[PDB]
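These notes concern the structure reproduced below.
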There are 2 protein chains.
Amino acid sequence: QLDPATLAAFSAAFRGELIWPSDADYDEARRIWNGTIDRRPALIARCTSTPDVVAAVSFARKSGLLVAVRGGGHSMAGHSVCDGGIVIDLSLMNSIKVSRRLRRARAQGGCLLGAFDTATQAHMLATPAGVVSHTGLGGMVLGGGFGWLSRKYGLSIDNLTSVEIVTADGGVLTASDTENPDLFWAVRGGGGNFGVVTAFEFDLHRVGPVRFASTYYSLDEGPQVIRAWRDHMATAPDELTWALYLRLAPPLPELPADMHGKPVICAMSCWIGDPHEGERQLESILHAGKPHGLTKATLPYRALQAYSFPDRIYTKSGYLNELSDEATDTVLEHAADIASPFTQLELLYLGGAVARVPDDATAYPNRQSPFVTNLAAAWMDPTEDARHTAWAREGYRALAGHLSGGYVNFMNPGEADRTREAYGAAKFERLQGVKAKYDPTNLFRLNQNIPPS
Amino acid sequence: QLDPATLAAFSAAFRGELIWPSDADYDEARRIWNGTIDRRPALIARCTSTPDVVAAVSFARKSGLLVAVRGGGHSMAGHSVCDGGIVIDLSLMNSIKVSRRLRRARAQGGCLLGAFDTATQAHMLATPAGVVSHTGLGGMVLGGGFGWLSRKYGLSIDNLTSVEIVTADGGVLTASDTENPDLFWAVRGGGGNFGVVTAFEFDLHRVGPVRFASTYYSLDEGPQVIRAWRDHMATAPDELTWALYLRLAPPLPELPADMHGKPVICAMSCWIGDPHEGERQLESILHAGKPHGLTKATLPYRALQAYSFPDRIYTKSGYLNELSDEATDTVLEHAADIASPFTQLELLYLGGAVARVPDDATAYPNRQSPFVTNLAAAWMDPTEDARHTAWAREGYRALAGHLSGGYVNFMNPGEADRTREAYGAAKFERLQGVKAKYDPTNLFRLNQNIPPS
Ligand SMILES: Cc1cc2nc3c(=O)[nH]c(=O)nc-3n(C[C@H](O)[C@H](O)[C@H](O)COP(=O)(O)OP(=O)(O)OC[C@H]3O[C@@H](n4cnc5c(N)ncnc54)[C@H](O)[C@@H]3O)c2cc1C
Ligand SMILES: Cc1cc2nc3c(=O)[nH]c(=O)nc-3n(C[C@H](O)[C@H](O)[C@H](O)COP(=O)(O)OP(=O)(O)OC[C@H]3O[C@@H](n4cnc5c(N)ncnc54)[C@H](O)[C@@H]3O)c2cc1C
């Protein structure tokens, strides 16, 4: 319901694709990974260049259209699609340049992680990021970004060296340690609040074959496995990463059919370092219970990335400073109640290099909390929403006093209120000052939102 | 030194990046995967859109510049870089659209395979392609394209539904079964001979987790393993793929320290189908020798793709109709002479769905030859070029009388003359007829070249 001259100026400056509610590919272009989010934008603007983004930002600003920005569409809160506004869709901006000599990568703001890992691994290089290949680099890096390499090399933001960004006034800025360093501070963990990142520059590291193990323990041996896990990681070397996924056992041939469809602890571990030393380290942590369905391999890092691991999702997540035996029994009891074969209760351990960055150095909070738990409900039948949502919420409720803060990138669509708790008073206020400078009208609000001033 | 108005018209129509010999990133941008190829283009034109390619093709045509086209830069013949001409570099055109409803993907002509597989596997979908994720989709598809999925679902070209292509006169055409079907026939196996493909459209298939095994046999049981392999694949189901790589044993922890550095047979297999059936089938073929370093897993297809497996390369390859005992001892004798730790002698079995497509249906030749052998020499030291090339060429000549044809995508920089034998006379001449229509002046000649008329 738009101004004809503003539209004509927009389309005149726009070399991407416009998708209207009447167009065929409207219904698919508006779907995101969280299929509980069903929203109808006025327009989807599939940008293909930084000038495209400039045009779309300016057009939304002048039209007063609610702006959703979409990288890979993995927002657990559904932030990358809007009712009645414009989607500034970056999914066609997925170009990457990798320099081996520089050991640097430049990636457009709509890249998927798997394309970035593919390009860097052509030269045996990598930078830390999440564990699922089709996650967008856009939202993930801007919230921090952690995965297999983080204990060794830090968060994705700890390897980011500069961004190209389009601000709410239509300008293009570079942000780095030497240019607009307040903005470069804020985008390292402050989400999409401050503008559209059209390019990320990363330092890369040499990562060769990785020793990897995945196995399944019966919940019978739950208390010993989890306590071994929490105790080992308190003093584990940086090179070891080890994560627990409590879930129904998949009906896979390495597992006895007995265990199929029943709650188990799936344990995944890797050693970022010499595979022969990795074999030693993994063996010392594989035997806290009897491992079933054991898979061991020496993998290219791109294949570790591709290994992990569902239409409707709901998550509740937070950090812990410690995992007591009492919290451990809580996790095991709620895991025993898992109904869907797609649902997981994730237990992750960060720390290491993530924890050695001074807390004030970026906008990412809670570096000093090493534990992360993610109650990730996933299902197919829309008529069962209440039961699955209830499982994640009741599990979070049972763990509440052990949990603090929160990872903005695991928030769900009802968790707008958690933004203050997530960053903490000092950070939130410091960010609120960056927002008043760079987004004073809060044009970019579909995110873990930081209102200006 | 070029016409200033032609240059200026070119630049006026070009929104991509131009890299000149004086620019910093020139020396890296002109490098390709085969590091024995050292060439200095007059200009590198990094195209970002189909109109960019139109501009570059016409500019090369009016200027009379020798045209190299670059997708992922994996040309074993070094065709993606030239001395004195223009490189039409597509590497920034890697946008992909996947429709889950349609089971279709559209990919730009500069895509790397890993980016494509990431995008399709977000929906548990795939289409057949090569086994190394940083191969370009461009050269691979135009030559045929085969890999883990091919025995079940055919070649990449057997799932291609259309292309957008820029021809030598600057026009943009669609080629499909219903539009320009002579061109659609030629691009399915005829290489870059007929124009620059700016977008590929593919049918996709649902590919869930695949049971996979890799193991190593001593060359001592070589005859037994290879004869079991050739005998088993003659009657194997489509769902089974099984490939042998003769090579020095990598210094990996799953293998006994003895074998490290010694010629071995690395055997890799997967079952495209039910993993429990896969487990049964793989166990039935893993014990033709004593398997060392056995790795078995149930993998997402994207992780299979990422699993496989150097600065200077030289390959000699061909097809066989049968693998006799005489040829098998030949393969084992030359494999024993492997000195490089990056060199592989590959034994592949195609057949299956690839062989069920009528021979005249595409320009891909030799569908009815199921075996492929590839002597893939790889090394680092430019001073050793002669010994490694000699190992690959001597191995080929010893196997030559069992060999017919050749896959254009495995041809080395000295194999320009192998083009007629590869396609065969009947196909080659029909291809020359399509070339006379669409590229009459042979503008596109850095490829396994088919001269017009
Ligand atoms: C299956 C799954 C696995 C995951 N695994 C991990 C993991 O291992 N580690 C981890 O740290 N996280 C993980 N995540 C979380 C992921 O980091 C976040 O969901 C992130 O927001 C995804 O970004 P996106 O571009 O894909 O999402 P979107 O839906 O496109 O965007 C997310 C948010 O970022 C904004 N945004 C996106 N791109 C840009 C851009 N270029 N410029 C400005 N704003 C932008 C959007 O406006 C929105 O606020 C996972 C998520 C899923 C669904
Ligand atoms: C490590 C490795 C593994 C491989 N594995 C496999 C495998 O498993 N299966 C398989 O079938 N092949 C495989 N190949 C071979 C591969 O198919 C060919 O090398 C292919 O030519 C590479 O394509 P590219 O775009 O990466 O190469 P480039 O060097 O960029 O180009 C190769 C040729 O294609 C032309 N070309 C490329 N893109 C286009 C386009 N869009 N339009 C027009 N012409 C174009 C170029 O002009 C040139 O003649 C492998 C190669 C390597 C090096």
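No value in this document is a laboratory result; all are computed from the given coordinates. Every residue, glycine among them, receives a Cβ derived from its backbone with ideal geometry; neighbour counts consider all protein chains shown.
Structure values in brief
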| item | result |
| --- | --- |
| Size of charge dipole - chain B - debye, nearest 20, with Cβ of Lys, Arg +1 and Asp, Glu -1, no other charges | 980 |
| For the stretch A:379-392, 3J(HN,Hα) per residue [Karplus equation, 6.51 cos²θ - 1.76 cosθ + 1.60, θ = phi - 60°, Hz, x = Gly/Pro] | 7, 10, 7, x, 7, 9, 3, 5, 5, 6, 4, 4, 5, 5 |
| Gyration tensor (alpha-carbon) shape descriptor, the stretch B:92-156, a/c threshold 1.5 | oblate |
| Backbone N under 15 Å from the residue A:357 label point (7 Å along Cα→Cβ), restricted to the stretch A:56-90 | none |
| Interatomic Cα distance distribution for the stretch B:74-184, bins of 5 angstrom, percent | 2, 11, 19, 24, 21, 14, 6, 2, 0, 0 |
| Prolate/oblate/rounded call for the stretch A:321-453, Cα gyration tensor, a/c under 1.5 rounded | oblate |
| Distance violations [Cα-Cα > 21 Å] among A:62/A:437; A:262/A:290; B:62/B:435; B:97/B:435 | B:97/B:435 |
| Rounded to whole Hz, the Karplus (6.51, -1.76, 1.60) HN-Hα couplings of the stretch B:135-148, x for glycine and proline | 4, x, 5, x, x, 5, 5, 4, x, x, x, 9, x, 4 |
| Residue exposure sequence - B:227, B:445 - by fewest surrounding Cβ within 10 Å | B:227, B:445 |
| For the stretch B:16-94: rounded, prolate or oblate by the Cα gyration tensor [a/c cutoff 1.5] | rounded |
| Centre separation in Å (Cα based) which lies between the stretch B:193-223 and the stretch A:212-259 | 31 |
| Average beta carbon contacts from partner chains per residue of B:88-95, 10 Å cutoff | 4 |
| Shielding by partners - mean other protein chain Cβ count within 10 Å, residues of A:250-260 | 3 |
| Shielding by partners, peptide B:115-126 (average Cβ within 10 angstrom, other chains) | 5 |
| Volume per residue of the C-alpha convex hull in the stretch A:275-345, rounded to whole Å³ | 176 |
| Rg and Dmax [Cα atoms of the protein assembly as shown; Å; Rg one decimal, Dmax integer] | 27.5, 81 |
| Chain A: mean projected area of Cα convex hull, nm² | 21.0 |
| Relative contact order for the stretch A:147-245, counting Cα pairs under 8 Å that sit 6 or more residues apart, in percent | 29 |
| Most positive-pole-ward Cα, A:35, A:18, A:2, against dipole of the stretch A:1-50 from beta carbon charges | A:35 |
| For chain B, calculated [θ]222 nm from helices alone, where every DSSP H run of n ≥ 4 adds -39500 (n - 2.57) | -8500 deg cm²/dmol |
| Rounded to whole Hz, the Karplus (6.51, -1.76, 1.60) HN-Hα couplings of the stretch B:56-62, x for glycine and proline | 5, 4, 5, 5, 4, 5, 6 |
| Position residue B:416, label points 7 Å along Cα→Cβ, spacing to each other copy in nm (shortest first, one decimal) | 6.8 |
| Principal semi-axes in Å for the stretch A:207-411 [√(5λ), Cα gyration tensor, largest first] | 25, 23, 16 |
